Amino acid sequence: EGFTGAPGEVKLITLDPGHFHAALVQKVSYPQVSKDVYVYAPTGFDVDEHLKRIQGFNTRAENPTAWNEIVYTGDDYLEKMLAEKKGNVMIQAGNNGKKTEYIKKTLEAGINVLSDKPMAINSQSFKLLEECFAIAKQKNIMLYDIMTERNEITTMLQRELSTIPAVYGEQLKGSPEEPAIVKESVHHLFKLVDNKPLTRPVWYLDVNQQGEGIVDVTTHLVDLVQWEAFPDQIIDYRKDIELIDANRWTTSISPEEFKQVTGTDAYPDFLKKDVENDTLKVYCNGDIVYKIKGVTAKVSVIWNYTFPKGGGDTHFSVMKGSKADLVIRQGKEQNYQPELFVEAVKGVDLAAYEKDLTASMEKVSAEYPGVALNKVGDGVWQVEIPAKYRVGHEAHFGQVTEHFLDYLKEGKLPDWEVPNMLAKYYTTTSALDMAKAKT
């Protein structure tokens, strides 16, 4: 029998967990999900940390979970998982170098897969990921990744506003010299949480295992340009995507910084290829210029070590319409919380535009109650968003998991999802190759 929503029908396998997201899936007790969870992993730090997180969920004060982690650790963890076939949904979040092979073998065994991004970190693994999707289709099982930023409020409003001709106009195509869509993020490797250091696995800084910067967080950004700017349109990566330019570059890490962010002493043996004069050089930065259905998009990701106090992760984006630019700012000015702006194009009838604007916002307020506009300069309006919509990352992640558990029932994702995941990963892995051909 398939999935129907019946309680305990979904049986989780956690395979070689090495990131918080492996546990975040189990942050809440979905009735569909059986309390018995099967873990297979090599012995070591990564699985121990995963198990701690689960037990924290089980012992917390508000609505504790009741997960029963049936654990197997050993060199033959994958071999044992496949042999025992004790679950019907596999959760993959951790080592990205190993991920795609794990995914393929799991799908062959008739086991559905929810994987964190990125499901492929190069062209070789992209080819393997295409086979994975073919196997999933052949076996009527699902392969899905976790695009959290679709659920973030400014993103949702950007998508909504861009589909209103009175507000946005038509989507401009732009050009390599001036892209019509631009997304730039600055993230940080080391951050504090309640005055307690946030640690990363040693292999996070090995681009062979984590993936390069240009294939990792860019996944989110590439997905956003598809999802916001071409809502529900099927992207054929063979026809619709042309890469224009790509770059990759390094962030230097000192031995002390390495110690602090990982806990390990500088440096593990497998990282020495990337060390120079006691200085670790990680290719965790990159950008991509590409055309998607004639529209030039630019995405960029920088990973710095840490931010000065009163600092944080930044983000800036533009999507240019024939009537207006929709702009996200997320800097010091905005207290590192994303804010959305509508900016009319120069030359337009600004009086008549403002009336179309207010007429359109009635429709938008229906969709998102409380959401209004504030003129903050002539031809520039900020989209006032109630605090209640700032639900945060974990809530965004939970929405994806719920979406996945729903779509298990039907057995099939909506039309655009698989081809667009492939178009996304085609974009990122192709950029890595282009970026590497300049060297």
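Residue indices: 1-based, along the sequence shown.
In this entry, 178-186 shows the higher mean Cα temperature factor of the pair 217-225 and 178-186. Across the two stretches, 424-432 and 5-13, the PDB entry reports the greater mean Cα temperature factor for 5-13. By the numbers in the PDB entry, the CA B factor is greatest at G263 among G211, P231, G263, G110. Each of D145, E354, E339, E149 has a CA temperature factor in the record; the biggest one is found at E354. In this PDB entry, the Cα temperature factor of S300 sits in the bottom third of its chain's modelled residues, the lowest group.
The entry lists a Cα temperature factor for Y102 that places it in the lowest third of the chain's modelled residues.
In this PDB entry, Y290 carries a Cα temperature factor that places it within the lowest third of its chain's modelled residues. The entry lists a Cα temperature factor for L51 that places it in the middle third of the chain's modelled residues. In the deposited entry, the Cα temperature factor of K80 places it in the middle third of its chain's modelled residues.
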